[PDB]
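1. these are from a larger complex, still in place; more later:
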Amino acid sequence: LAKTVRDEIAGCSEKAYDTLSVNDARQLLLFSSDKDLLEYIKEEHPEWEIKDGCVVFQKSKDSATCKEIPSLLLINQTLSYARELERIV
Amino acid sequence: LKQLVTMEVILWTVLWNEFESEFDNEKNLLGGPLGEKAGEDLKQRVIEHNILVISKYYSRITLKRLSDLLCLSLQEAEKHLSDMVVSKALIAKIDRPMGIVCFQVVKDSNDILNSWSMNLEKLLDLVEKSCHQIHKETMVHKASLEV
């Protein structure tokens, strides 16, 4: 459960903060030693970049923002709607 | 008449210096002088000529750079613009707090789109021109291979 909780905390932190200080990263994940946090980051989450003592969470290109998805796919979803609708007519 | 017909941004100095002499000569021709105000009034048409080119080749111009490109101060450069939106001669919006002249009308999504599908309908037509253009060569070329 502790391992799962640490993973869940890491998942929340990645979405929440663009960058996190390594001290804060340890504090939230309750890592006793710096090397503990470093080892955890290296194994479980290689995508995290450690720059100048702060964990740089590589936020997704377009996720939290709304109406930030593909255009052709949405609009062709409208294709499916329209064509399947009237062909019955 | 080419420099004014052709959509050239005319620097005032390069045109005026040559034509200060040819302008002065018209004081002696039939009809009298062109007028003292004409030199300053002509000074606007090149501004009007260039500014129309500016809006067409510039959408968002710094008022500084407009003051530069209009060889004039910021207030005069802005003023020559303020009148033009007042005159309806051009649709634009100045942001004095930012010094930003945006010449583009605020396009409603439909205004954005109307152009878009219009572009594609050409793309469709374009390929539909390239469409027939390709077999025809196959038709012409394969015949040249029949001899």
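-> Thanks, I have the structure now. Residues are numbered from 1 along each chain as shown, chains lettered A, B, ... in the order given.
2. what residues are up against the residue nearest to the spatial centre of chain B?
-> Centroid-nearest residue in chain B: residue B:53, 2.3 Å away (criterion: C-alpha atoms, centre = their mean). Neighbour list for residue B:53: B:7-9 [criterion: C-beta atoms under 8 Å, 6 or more residues apart in numbering or on different chains]. In short, each C-beta sits where N, CA and C put it, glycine included.
3. That one: what secondary structure?
-> Put simply, residue B:53 is helix when judged by DSSP: H, G, I helix; E, B strand; the rest coil.
4. Please apply the same query to the one 3 residues further on.
-> Judged by three-state DSSP, the three-state class of residue B:56 is helix.
5. Identify the residues contacting the closest residue to it other than its chain neighbours.
-> Computed as C-beta to C-beta, 6 or more residues apart in numbering or on different chains, the closest residue to residue B:56 that is not its neighbour in sequence is residue B:7, at 6.8 Å. If you count contacts by C-beta under 8 Å, 6+ apart, residue B:7 has them with B:52-53, B:56-57.
6. As JSON lines, the contacts of residue B:53 with distance to residue A:5 and secondary structure would be great.
-> Output for the contacts of residue B:53, formatted as JSON lines (distance: C-beta to C-beta, whole Å; DSSP: H, G, I helix; E, B strand; the rest coil):
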{"residue": "B:7", "distance to residue A:5": "68", "secondary structure": "coil"}
{"residue": "B:8", "distance to residue A:5": "70", "secondary structure": "coil"}
{"residue": "B:9", "distance to residue A:5": "66", "secondary structure": "coil"}
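7. for the residues you listed, which one is nearest residue B:107?
-> residue B:7 (22.8 Å; C-beta to C-beta).
8. could you also fit chain C onto it:
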Amino acid sequence: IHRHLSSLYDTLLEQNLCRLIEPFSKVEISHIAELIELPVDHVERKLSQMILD
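-> Following on from the chains above, chain C is added here:
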């Protein structure tokens, strides 16, 4: 004529202001004042009235 000069003055203020505000979606009030060379406080009050109207 004098008894309506005031209303005509007011309407001219209003319509010139409408002309002046069109080139913007955001603007600074003192800038409007200097453009019209009327005190910033009168401009603020009258624009408040226009929005109220």
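9. The contacts of residue B:53 with chain C there, same question as before?
-> B:7-9.
10. now it: how far from residue B:10?
-> 9 Å (C-beta to C-beta, to the nearest Å).
11. out of all of them, which helix in chain A is the longest?
-> Ordering each helix of chain A by length in residues (DSSP state H) puts helix A:71-88 first.
12. what residues does that helix touch?
-> Nothing outside helix A:71-88 qualifies as a contact, by C-beta under 8 Å, 6+ apart.
13. next one: stretch C:23-37
-> Contacts of stretch C:23-37 (C-beta under 8 Å, 6+ apart): B:82, B:85, B:92-97, C:16-17, C:20-21, C:39-40, C:43-44, C:47.
14. try 6 Å
-> B:85, B:93-94, B:96-97, C:20, C:40, C:43-44 (C-beta atoms under 6 Å, 6 or more residues apart in numbering or on different chains).
15. Run a quick neighbour tally on residue B:62.
-> Burial of residue B:62 is recorded as 15 neighbouring residues (other C-beta atoms under 10 Å in any protein chain shown).
16. which residues touch it?
-> With the criterion set at C-beta under 6 Å, 6+ apart, residue B:62 makes contact with residue B:99.
17. just to revisit the earlier point, may I see the ChimeraX selection of the buried members of the contacts of stretch C:23-37?
-> The buried residues among the contacts of stretch C:23-37 can be selected in ChimeraX (16 or more other C-beta atoms under 10 Å in any protein chain shown) with this line:
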select /B:85,93,94,96 /C:20,43
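18. Pick the one among the contacts of stretch C:23-37 closest to residue A:42.
-> For those, the nearest to residue A:42 is residue B:97 (48.7 Å; C-beta to C-beta).
19. next up, chain D:
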Amino acid sequence: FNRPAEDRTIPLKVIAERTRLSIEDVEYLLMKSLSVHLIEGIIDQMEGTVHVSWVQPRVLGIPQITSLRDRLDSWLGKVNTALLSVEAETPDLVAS
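-> Below is chain D, added to the chains above:
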């Protein structure tokens, strides 16, 4: 010409370094080659970018032919997936 049509916005700075030529004069050259009907486009000063609607069509060789080969295979695949989606959607819907 080197750039695609999807990135016909280019900063005035890069135009300067490629031309080694000053901001005012780069803009001068731009508006000149837009005025001569050589080019058609817009230029944005705020970030200093040039939105050209200016693209030409000629002068290319076997390598560009192979590149268009790859692109045409790609769009044939795109059309294929579109057609397959249509064909997979049809059976549950045309049989009614």
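20. and the contacts of residue B:62, now that chain D is in?
-> Applying C-beta under 6 Å, 6+ apart, the residues near residue B:62 are B:99, D:45.
21. Minimum distance to chain A, which residue of chain B gives it?
-> residue B:116 (10.4 Å; C-beta to the nearest C-beta).
22. Grab the nearest non-local neighbour of residue D:5.
-> Residue D:5 sits nearest to residue D:55 (C-beta to C-beta, 6+ apart), 5.3 Å away.
23. In chain B, where's the longest helix?
-> Assigned via DSSP H, chain B shows its longest helix as helix B:109-144.
24. quick check, residue B:22 in a helix?
-> Yes - remark: residue B:22 belongs to a helix, assigned using three-state DSSP.
25. tally of neighbours for it?
-> Neighbours of residue B:22 (other C-beta under 10 Å): 8.
26. Could you tell me which residues make contact with the closest residue to residue D:54 other than its chain neighbours?
-> Nearest non-adjacent residue to residue D:54, counting by C-beta to C-beta, 6+ apart: residue D:39, 3.6 Å away. Contact analysis of residue D:39 by C-beta under 6 Å, 6+ apart lists D:33, D:52, D:54.
27. If we use 10 Å, what do you get?
-> Contacts for residue D:39 (C-beta atoms under 10 Å, 6 or more residues apart in numbering or on different chains) come out as B:57, D:30-33, D:50, D:52-56.
28. got it, and residue B:93?
-> Applying C-beta under 10 Å, 6+ apart, the residues near residue B:93 are B:60, B:81, B:85, B:100-106, C:22-25.
29. just to revisit the earlier point, can the longest helix of chain A be found next to chain D?
-> Yes - Helix A:71-88 comes into contact with chain D (C-beta under 10 Å from any C-beta of the partner chain), by way of A:72, A:76, A:79-80, A:83-85, A:87-88.
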